[PDB]
Structure formats: C-alpha cells, structure tokens
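Undergrad: Sharing structure_4.txt below, compact mmCIF, C-alpha atoms and all ligand atoms:
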```txt
# COMPACT_ATOMS: atom_id res chain seq x y z
CA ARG Y 1 102.99 111.30 96.14
CA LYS Y 2 100.74 113.78 94.31
CA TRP Y 3 98.27 110.94 93.65
CA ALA Y 4 96.49 108.99 96.41
CA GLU Y 5 98.22 105.62 95.86
CA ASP Y 6 97.40 104.06 99.25
CA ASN Y 7 100.21 106.26 100.62
CA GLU Y 8 98.19 106.31 103.85
CA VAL Y 9 94.47 106.47 102.98
CA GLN Y 10 92.82 103.12 103.83
CA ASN Y 11 89.52 105.03 104.05
CA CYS Y 12 87.19 106.28 101.29
CA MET Y 13 86.54 110.05 101.33
CA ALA Y 14 82.73 110.08 101.09
CA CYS Y 15 81.35 107.04 102.95
CA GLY Y 16 84.73 107.27 104.74
CA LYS Y 17 84.65 103.52 105.40
CA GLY Y 18 87.78 101.69 106.61
CA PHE Y 19 88.75 99.75 103.46
CA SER Y 20 88.78 96.03 104.34
CA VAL Y 21 88.87 92.58 102.70
CA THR Y 22 85.21 93.06 101.67
CA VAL Y 23 85.25 96.61 100.25
CA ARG Y 24 88.04 97.72 97.88
CA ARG Y 25 89.38 101.25 97.36
CA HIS Y 26 89.16 103.40 94.21
CA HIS Y 27 90.19 107.05 93.85
CA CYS Y 28 88.73 109.53 91.34
CA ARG Y 29 91.31 110.32 88.64
CA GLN Y 30 89.63 113.72 88.13
CA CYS Y 31 89.36 115.38 91.56
CA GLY Y 32 91.95 112.98 93.01
CA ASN Y 33 89.99 111.52 95.94
CA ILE Y 34 89.77 107.97 97.39
CA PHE Y 35 86.27 106.43 97.07
CA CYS Y 36 85.05 102.94 98.07
CA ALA Y 37 83.63 100.42 95.54
CA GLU Y 38 80.26 102.15 96.12
CA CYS Y 39 81.45 105.77 95.71
CA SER Y 40 83.74 104.97 92.77
CA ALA Y 41 81.05 102.81 91.12
CA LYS Y 42 80.90 105.21 88.13
CA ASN Y 43 83.25 105.77 85.16
CA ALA Y 44 82.99 108.13 82.15
CA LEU Y 45 84.72 108.41 78.75
CA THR Y 46 86.70 111.65 78.34
CA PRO Y 47 87.71 113.19 75.02
CA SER Y 48 91.01 114.11 76.71
CA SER Y 49 92.38 110.57 76.25
CA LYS Y 50 89.49 108.74 74.53
CA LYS Y 51 89.13 106.38 77.52
CA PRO Y 52 86.75 105.77 80.42
CA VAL Y 53 88.56 107.32 83.41
CA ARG Y 54 87.51 106.07 86.87
CA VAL Y 55 85.78 108.83 88.87
CA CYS Y 56 83.14 109.17 91.64
CA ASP Y 57 79.39 109.38 90.85
CA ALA Y 58 79.26 113.21 90.90
CA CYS Y 59 82.26 114.00 88.69
CA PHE Y 60 81.26 111.08 86.45
CA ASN Y 61 78.14 113.05 85.46
CA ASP Y 62 79.91 116.42 85.81
CA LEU Y 63 82.54 115.43 83.21
CA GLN Y 64 80.49 112.99 81.10
CA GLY Y 65 79.02 116.17 79.57
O1 LIG Y 101 92.27 98.27 93.39
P1 LIG Y 101 93.68 97.86 93.72
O2 LIG Y 101 94.14 96.66 92.96
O3 LIG Y 101 94.07 97.75 95.12
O4 LIG Y 101 94.39 99.20 93.06
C1 LIG Y 101 93.70 100.46 92.60
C2 LIG Y 101 94.24 101.25 91.44
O5 LIG Y 101 95.47 101.96 91.73
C3 LIG Y 101 93.12 102.18 91.05
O6 LIG Y 101 93.47 102.83 89.86
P2 LIG Y 101 92.43 103.33 88.84
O7 LIG Y 101 91.76 104.41 89.51
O8 LIG Y 101 93.30 103.70 87.81
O9 LIG Y 101 91.60 102.15 88.74
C4 LIG Y 101 92.75 103.21 92.22
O10 LIG Y 101 91.54 103.84 91.84
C5 LIG Y 101 92.45 102.51 93.53
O11 LIG Y 101 92.59 103.53 94.59
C6 LIG Y 101 93.45 101.37 93.84
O12 LIG Y 101 92.85 100.57 94.79
ZN ZN Y 102 82.86 105.47 99.48
ZN ZN Y 103 85.09 113.08 91.68
```
So that I can check it, write out the structure of this file as structure tokens.

TA:
Amino acid sequence: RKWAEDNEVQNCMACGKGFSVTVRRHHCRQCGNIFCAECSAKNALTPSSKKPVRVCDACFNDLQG
C-alpha cells in the first residue's frame, strides 16, 4: 500500500518505460519511486541499517554522503 509493490505501476518513473520481459522494475527505497533496471542501477550503503539500500542514481549519490 504505502510502498510501490507493483500495486499498479508497471512503468518506471523516470524513463517511464512499460516494464516488460526484457526490462525489470526496481523502486527507490528512499524516495519511494519505481525505476527501471537502468534508473535503479545504483545502490548505496546507509548508516541507518548498515546495508546497501536500492535507490535511483540521484538519491544514491545524495545519500551516499
Ligand atoms: O524484481 P522483482 O523480483 O520483480 O521484485 C522487486 C523487489 O520488490 C524490489 O525490492 P528491492 O527494492 O528491495 O530490491 C523492488 O525494488 C522492485 O520494484 C521489485 O521488482
Ligand atoms: Zn527507468
Ligand atoms: Zn531516489
């Protein structure tokens, strides 16, 4: 519900491509947006949980430091 768990996305937010059998879907755990394998191709380690959380390219560098 509060998180974008394929509830009805089927479309990245940035590239906004229609997720298909070729491209997968990945949402940013920080902002909470759905990004395609190309937009979500960046992860960063946060001191909040000591683990690399999946996030888009921007937030990845915005939270990595
Ligand atoms: O990739 P799938 O097997 O279909 O499932 C993915 C997981 O729920 C991912 O969790 P994560 O962000 O914790 O990886 C999420 O980012 C993606 O939107 C989902 O596609
Ligand atoms: Zn994308
Ligand atoms: Zn983000």

Undergrad: Show me which residues line ligand LIG 101 (chain Y), defined as having an atom within 12 Å of a ligand atom where all atoms listed in the file count, and present them as JSON, numbers by chain.

TA: {"Y": [3, 4, 5, 6, 7, 8, 9, 10, 11, 12, 13, 19, 20, 21, 22, 23, 24, 25, 26, 27, 28, 29, 30, 31, 32, 33, 34, 35, 36, 37, 39, 40, 41, 42, 43, 51, 52, 53, 54, 55, 56]}

Undergrad: So what do you get for atom ZN of ligand ZN 102 (chain Y) versus atom CA of residue Y:14, distance-wise?

TA: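 The value is 4.9 Å.
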
Undergrad: Could you state the separation of atom CA of residue Y:59 and atom CA of residue Y:2 in Å, given to one decimal place?

TA: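 Separating atom CA of residue Y:59 from atom CA of residue Y:2 is a distance of 19.3 Å.
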
Undergrad: What does the structure give for the distance between atom CA of residue Y:18 and atom CA of residue Y:38, in Å to one decimal?

TA: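 These two atoms are separated by 12.9 Å.
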
Undergrad: Counting all atoms listed in the file, figure out which residue out of Y:15, Y:46, Y:1, Y:58 gets nearest to ligand ZN 103 (chain Y).

TA: Y:58

Undergrad: Using all atoms listed in the file, find the one residue out of Y:57, Y:17, Y:49, Y:65 that sits nearest to ligand ZN 102 (chain Y).

TA: Y:17
